[PDB]
Each structure stands twice: as C-alpha cells, then as structure tokens.
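Structural features, examined
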Amino acid sequence: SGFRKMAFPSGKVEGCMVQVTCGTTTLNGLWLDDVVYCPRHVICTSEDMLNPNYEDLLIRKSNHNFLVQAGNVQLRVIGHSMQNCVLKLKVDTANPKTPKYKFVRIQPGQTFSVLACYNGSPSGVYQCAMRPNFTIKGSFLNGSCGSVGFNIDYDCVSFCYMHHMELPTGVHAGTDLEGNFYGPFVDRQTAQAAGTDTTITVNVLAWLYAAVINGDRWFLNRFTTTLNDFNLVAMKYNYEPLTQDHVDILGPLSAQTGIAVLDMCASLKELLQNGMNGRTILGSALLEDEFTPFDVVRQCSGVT
Amino acid sequence: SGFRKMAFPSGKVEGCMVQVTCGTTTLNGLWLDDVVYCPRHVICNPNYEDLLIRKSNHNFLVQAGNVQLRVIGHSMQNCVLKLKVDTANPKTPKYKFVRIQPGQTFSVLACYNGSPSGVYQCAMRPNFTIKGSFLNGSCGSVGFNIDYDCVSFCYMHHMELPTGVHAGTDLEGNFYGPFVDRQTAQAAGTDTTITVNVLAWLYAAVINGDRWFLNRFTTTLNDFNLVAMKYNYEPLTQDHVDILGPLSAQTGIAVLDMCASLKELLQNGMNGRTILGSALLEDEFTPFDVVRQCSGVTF
Ligand SMILES: COC1CN(S(=O)(=O)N2Cc3ccc(Cl)cc3[C@H](C(=O)Nc3cncc4ccccc34)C2)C1
Ligand SMILES: COC1CN(S(=O)(=O)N2Cc3ccc(Cl)cc3[C@H](C(=O)Nc3cncc4ccccc34)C2)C1
Ligand SMILES: [Cl-]
C-alpha cells in the first residue's frame, strides 16, 4: 500500500557523470563508452549567449581546450563534434561503468527520473514529467546544465533528457541525447517563454485508477460521458484533450478496477466542477498529473 | 529554481542489496563486508530463538545478482538477523548505522527479490511510522542518508500496518515505535504535523519567490504553541527556532515572524492559493533538506 513519486535507482547513471570545463564555464557531461555528451553552450561566454555562432566558436577550439574530469581522474579529449545542441567529446578511455543504454526521444506527458549534478557530482534524484508545453518543472541551480533524465527498463537505461536552461518562470528546458530541443526553445539568451501549460489528462485518470486500486472510491459517480463532451468540459479547465489512444492506453487499469474509461472521465468532470471538499486522494489535495498509466501499473499492486 | 521531493543518489546502496530466502519466505538483505543484514521474520506468536536454533547455515539462500553467497554463520541482534557470508562485498561503501528521530527524513531504496526498483524520499512520522510505498516482498528494503561519501543506514522495512503505513527498525534491529514483529492487533497512533518542517518549507517557498502568506505580525513561542496544539501540530521548541536560524538569515524573516504566517494559514486556510505547487502545508522537508536543495550539495 501507499503511493509515492518514485524515481528509478540512479546508480547506473551516477557511474557516467563527469565534469566538463571550457575556459571559465563548468557543467556536467555524460560519459558512455569513449564519448562525453554535454550542452554545446559550454563553449560560450555570457556575452556570447545573446547571438552565439556555435560553428564559429567551435572552430577556434582544440581538443586540449576541453578539460574532462571523471572523479579525481582527468580524461584526455582526442576529438570533438557538434550534433544539434550537444557537443560530443571523444575521449581516449572508454567508461568501464557504461551500462546497457539507449537514447530515446519522449513525448509530452511521459515521466522520467532526473539525476541533478554539480561539477560532475550527483547531488539528488527526483521524478518529473515532460509538460505539454515541453518544459519540465525541475529543481536546478546554476551549474546543473548537462544533468540527465532517464528511465530504466530491465537492465537498460533509456536517456531521454539533458538539461540546458532555466526559463523566466522558473521552469526548465533541454534536449534529447541527440541535441534536439523539446519545444520551440533555443540555446540562446532570447525572449522565449514557456507556452500556457495544461494538465496531462491521461495521467490524472491513471492516478484516479491508482486511488481506486489502493481502496478509495469516494469520487466515483453513477454517470458516464461521451469522449467529445468530456473534452469540451476538460478544455475549460486547461486540461489536455483526451484521445482514443489515451483511452486505449488506460484499458488495463479499467479492466483491473472494473471502471470504464468514460465512467472514470465522468468522475474527473465532477471533481473539476466540485473540488475535493476537504478530502484528499492518495494524500493529495490537488489532481496529480505526473504519473503515467505505465507508472501506476509498475508501482501499484496487481490486486484490487 | 524549483522545489522537488528529492532523494539521495542510490548507487552506493544498490551495490549492497541481496535476496535472502529461508524456506518459503523471500525478502531483501543488506550486504556490507562479510555480513548480510535482514529482518529476523525471514525465519517465520513466534519464539525467535527457538525458531533460529532449528536452522543451519545452508537453510539460508543468499543471492547477490546471479551469484549465490555461502552462509558460514548466523546470529540475531534484536529484530535483525546477521548472516555471515564467505565473500566480503567489494562494493561496500563507507557507512555508519544511525538511529533517526521523528521528523527526520531519509531516502528509501524499495527492493523486491534483491533487485532495487525505485527510490523515494520520506520522513519518520511523530507516530514512528513512515508513509512509504511498499508491496509484498519489500521487507528488508533500507532507508539512508548520505553525507560526503558516507552512507548512514537508518531504517530497515519490516511490515505494513492496517492503515497502509509502514513500520521498521534501525540497522541494530530496534523498532521505531511501539511495534513488534508478528501478526497481532497493531495500529499506528494518532499522527501529528512536523511543525519545524512546515516552517522550513515556508522558507523554501520564500526563497523560490512566493511571499503572499507573509504578514507584518509576530508571535511569542508560547502563543504559537497554544495555537499549534489545537491543529494537531507538534510543539515548536527553542531548539527548532535555533535550527531555523540560517533560513531566517537568508530570507530576512524572523522565525517567530514565520510562525505568525503559519498561525494565519492554520486559522484561515489558503483561500484558493498554493505554496510550491501544493494546496496542503508540507512537513516532509527538514531545515537541512531545504538548505541542501537550495545550495547544490553533491555526493
Ligand atoms: C534563472 O536565471 C536565468 C537567466 N540565466 S543565466 O544564468 O543568465 N543563463 C542564461 C542561459 C541562456 C541559454 C542557455 Cl541554453 C543557458 C543559460 C544558462 C542557464 O539557463 N543556466 C541555468 C540552468 N538551470 C538552472 C539555473 C538556475 C539558476 C541560474 C541558472 C540556471 C545561464 C538562467
Ligand atoms: C497488508 O497486510 C497485512 C497483514 N500482512 S501479511 O502480509 O499477512 N504479513 C504479516 C506480517 C507480520 C509481521 C511482520 Cl514483521 C511482517 C509481516 C508481512 C508484512 O507486513 N509485509 C508487508 C510489508 N510492506 C508492505 C506489504 C504490502 C502488502 C502485503 C504485505 C506487506 C506479511 C500485512
Ligand atoms: Cl514517450
């Protein structure tokens, strides 16, 4: 019993964290085999951030301008290349702690664990989601750039995020491990702001099924809804549209509890209308949207 | 910016998790040097000395990854079983066994069949239970804090109570709370809110840019304690005030000035507003957790 925001064990990722220094800038890198991956803005000064020309800054650097430190050992850089917004630093030592891994690009609504690092040293691990506006609500300070997001399935680490910047509202933006940003963001000091954020509807439904599995049904009602009527109501509360794919994905949770997806949509409509009236659901007074249907199935019991 | 329920990096602890099997019971063990520590209920009104004396070393199957460890000795210390093994753990980190006090937080590495599945942060409640997330097979999962390179093990999971909350021991086998390790009528006592932690979280909200709850008022410690007792909040002591000193200095808000804000939040509610994305007053961040997360301390 119980339901917590659970992160994956971070050990496999801790063994890949290194410190990367170029001139006066120091941030984190990910060392997998003989390549260190890090944000390309490690080659910039603060002045450069307004309108940086990365190709022009990069061509002026040599391998020995990049200092890479793994624990107390200096790694030697023997090559460098840029792929989108990430710099790939070829080193002459392969990481003996390289786990089984994949680079995966995630979609909004997906969750992942973040190993927050400073100076190539991990300081904490937390769970979060790719918001519909492509930002993440992380906890990062200066020097955290290059920290990574991941999931672990079986013995395989799937790296999905690399941290690059903090937006004016305090939320965070970054890239996949191929250097492509999530969202319309640029690694440039420009007037860019997070779009209006919305609630991840399929995740709120998954968390309502998690509450039913754990023994709570006070929020259910005798009504149902069509998918179209549910979306017309949901959009009024800044909730993301629920698609037939989302309905399909909730199938197993609907079967385990005996509550149809459109019947759970009717409870959600009524919770949006009424609020919780002094009650909590799984120890929360707000509707939680950072647990996917997959996260609920992995954490919750198979019985009830 | 941002404020999350953050756990310590679990790697140093992952390298110690093993699976322990005795008869039909399988749970988790902690392998440090040549000893595996696990709940003594793995051998199960139980008479544990009588139950233990009937077992031999080969009755305990200990598995570290895909390798079987050979048990060469066994002894009981309170509610913890210590299994001497033939191989010392080459991944044993620098460690201490520490007993924590209610209100203190720690990270839990939840494991099943000696394999870690997740990490989360939690606090020892004033009623000595933890609000964890555990299923059958999670017994032997451990709680810890990390300071520099040293892992301080403070908790070992033993059982789930009827309300869905959890009970366990320190690594010397002494239970936290008035709990015993057997099937009997056991219930968590009435819980209270950890006041010093709510104040620390209110300082964290101010550091992150939220000040709507601040007011011009102050309070005495006695008047604040008379109000707090009415709302099932733990008494705030002069030690708690002292411990909040650094957060008070960083924000410029006196501890009794923050107590005046908390009194108004308890007497009036939030009025449709939130603090750090929460509509409830959060009590599972200590003053030290707030300082560490708002300063970037690494391990
Ligand atoms: C909160 O201040 C804003 C303004 N800056 S900054 O430090 O001047 N800045 C500008 C900038 C522009 C583009 C890119 Cl790709 C990166 C960067 C850097 C950046 O974003 N670094 C940070 C990342 N995460 C978290 C942070 C937390 C605090 C402070 C820097 C944090 C530096 C972040
Ligand atoms: C929730 O059911 C109650 C009744 N049982 S039980 O499974 O029969 N039970 C009895 C018992 C008595 C003493 C001790 Cl020290 C341990 C144990 C075990 C226990 O507590 N193990 C569990 C721990 N955490 C989480 C769980 C989740 C589900 C189910 C067992 C979970 C098993 C717990
Ligand atoms: Cl995805």
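Residues numbered from 1 in each chain as written, not as in the entry; some residues may be left out. Chains lettered and ligands numbered in written order. Heavy atoms only, no water.

- Deposited coordinates in this entry are attributed by the record to X-ray crystallography, at a stated resolution of 1.868 Å.

- Chain B appears in the PDB entry as 3C-like proteinase from Severe acute respiratory syndrome coronavirus 2.

- In the nomenclature of the PDB entry, chain A is known as 3C-like proteinase of Severe acute respiratory syndrome coronavirus 2.

1. A look at the site of ligand 1
All names here are of chain A.
- Around ligand 1, 13 residues are found, and the nearest of them are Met49, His163, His164, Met165 and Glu166.
- In the model, a nitrogen atom of ligand 1 is placed 2.8 Å from a nitrogen or oxygen of the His163 side chain.
- One of the backbone nitrogen or oxygen atoms of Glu166 is found 3.1 Å away from an oxygen atom of ligand 1.
- Isolated, ligand 1 exposes 600 Å² of accessible area, and the fraction of that covered by the protein chains is 70%.
- Residues belonging to the shell around ligand 1 are distributed by class as follows: 5 nonpolar, 6 polar and 2 charged. (Near = heavy atom within 4 Å. Polar contact = N/O pair within 3.5 Å; in protein donor to acceptor, adjacent residues only side chain to side chain. Areas by Shrake-Rupley, 256 points an atom, 1.4 Å probe, with all protein chains shown as cover. Nonpolar A, V, L, I, M, F, W, Y, C, P; charged D, E, K, R; others polar.)

2. Describing the domain arrangement of chain A
Residues and elements named next belong to chain A.
- Looking at chain A, the domain boundaries give domain 1 (1-14 + 100-197), domain 2 (15-99) and domain 3 (198-301).
- The gap between the C-alpha centroids of domain 1 and domain 3 is 25 Å.
- With both chains or domains summed, domain 1 and domain 3 bury close to 1,600 Å², and 50% of this area falls on carbon and sulfur atoms.
- Summed over the three residues of domain 1 that lose the most area to domain 3, namely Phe3, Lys5 and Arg131, the buried surface amounts to 39% of that side.
- Inspection of the domain 1/domain 3 interface yields 3 salt bridges.
- If you tally residues by element for the side of domain 1 that touches domain 3, the top one is strand β10 (residues 121-129), at 3 residues.
- Class assignment of the residues belonging to the side of domain 1 that touches domain 3 gives a composition of 8 nonpolar, 7 polar and 6 charged. (Domains from an automatic or database assignment. Buried area = accessible area lost by both parts, 1.4 Å probe. Salt bridge = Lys/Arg side-chain N within 4 Å of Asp/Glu carboxyl O. Helix = DSSP H or I, 4+ residues; strand = E, 2+ residues; numbered from the N terminus.)

3. Comments concerning the nonpolar core
- Of all hydrophobic cores here, the largest spans 40 residues; its most connected members are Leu30 and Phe159 of chain A together with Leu30 and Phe153 of chain B.
- Excluding residues within four positions of it along the chain, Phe153 of chain B makes contact with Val13, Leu30, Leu32, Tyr95, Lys96, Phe97, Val98, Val142, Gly143, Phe144 and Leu171 of chain B.
- The next biggest cluster of nonpolar side chains, apart from the first, holds 36 residues, and it includes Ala211, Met264, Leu271 and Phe291 of chain A. (Core = buried A, V, L, I, M, F, W, Y, C linked by side-chain atoms within 4.5 Å. Buried < 20%, exposed > 50% of the residue type's maximum accessible area, 1.4 Å probe, protein only. Contact = heavy atoms within 4.5 Å.)

4. Let's talk about the domain arrangement of chain B
Residue and element names in this part refer to chain B.
- Segmenting chain B into domains produces domain 1 (1-14 + 94-191), domain 2 (15-93) and domain 3 (192-295).
- Using C-alpha coordinates to define each centre, domain 1 is positioned 19 Å away from domain 2.
- Of the residues lining the interface, 34 residues belong to domain 1; the matching set on domain 2 comes to 25 residues.
- Both faces combined, the contact of domain 1 with domain 2 buries some 2,200 Å², and carbon together with sulfur accounts for 58% of it.
- At the boundary of domain 1 and domain 2, one finds 1 salt bridge.
- In this structure, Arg40 and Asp181 form a salt bridge, with 2.8 Å as the shortest nitrogen-oxygen distance.
- Along the contact surface separating domain 1 from domain 2 lie 18 residue pairs in polar contact.

5. Overview of unusual backbone geometry
- Of note, the phi angle at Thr304 of chain A is positive, near 95 degrees, even though the residue is not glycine.
- When you line up the elements, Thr304 of chain A lands in the segment after α8 (293-299).
- Not every positive phi belongs to a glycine, and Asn113 of chain B is a case in point at roughly 55 degrees.
- Within the element layout of this structure, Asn113 of chain B appears in the loop between β9 (105-112) and β10 (115-123).

6. Structural notes on the interface of chain A and chain B
- Across the boundary between the two partners, chain A contributes 40 residues, which contact 41 residues of chain B.
- Around 2,800 Å² of area is buried between chain A and chain B when both sides are counted, 54% of it from carbon and sulfur atoms.
- Summed over the three residues of chain A that lose the most area to chain B, namely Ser1, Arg4 and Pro9 of chain A, the buried surface amounts to 25% of that side.
- Viewed at the interface, chain B and chain A are joined by 2 salt bridges.
- The shortest N-O distance in the salt bridge between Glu284 of chain B and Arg4 of chain A comes to 3.0 Å.
- Counting across the chain A and chain B interface gives 22 residue pairs in polar contact.
- Going through the elements one at a time, α1 (11-14), β9 (111-118), β10 and α8 of chain A are the ones with two or more residues in the side of chain A that touches chain B.
- A per-element tally of the side of chain A that touches chain B places β10 of chain A first, with 8 residues.
- Here the residues of the side of chain A that touches chain B sort into 16 nonpolar, 16 polar and 8 charged.

7. Topic: the site of ligand 2
Residue and element names in this part refer to chain B.
- Near ligand 2 there are 13 residues, and of these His41, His157, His158, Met159 and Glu160 occur at the shortest range.
- One nitrogen or oxygen atom from the side chain of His157 is found 2.9 Å from a nitrogen atom belonging to ligand 2.
- In the complex, 68% of the free accessible area of ligand 2, which totals 600 Å², lies under the protein chains.
- Residue classes in the shell around ligand 2 are distributed as 4 nonpolar, 6 polar and 3 charged.

8. So, the side chain of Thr111 of chain A
All names here are of chain A.
- The topology assignment puts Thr111 in strand β9.
- Taking relative accessible area as the criterion, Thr111 reaches 0% and is therefore assigned buried.
- A polar side-chain atom of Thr111 sits 2.7 Å from a polar atom in the side chain of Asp295.
- In this view, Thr111 contacts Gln127, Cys128, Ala129, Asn151, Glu290, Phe291, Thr292 and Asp295; residues no more than four positions away in its chain are not counted.

9. A short note on the pattern of salt bridges
- One pass over the structure, following the stated rule, counts 20 salt bridges over all chains.
- As a salt-bridge pair, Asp34 of chain A and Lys90 of chain A come within 3.0 Å of each other at their nearest N and O atoms. In this pair, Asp34 of chain A is assigned in the loop between β2 (25-32) and β3 (35-39) and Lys90 of chain A in strand β7 (residues 86-91), connecting sequence segments 56 residues apart.
- In this structure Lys90 of chain A comes out as partly exposed when scored by relative accessible area, which is 34%.
- A salt bridge links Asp191 of chain B to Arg125 of chain B; its shortest N-O distance comes to 2.8 Å. Pair noted here: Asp191 of chain B is in the loop between β13 (166-169) and α3 (195-207) and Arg125 of chain B is in the loop between β10 and β11 (142-147), with a separation of 66 residues, a long-range link.
- A residue is classified by how much of its surface remains accessible, and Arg125 of chain B, at 2% relative accessible area, is buried.

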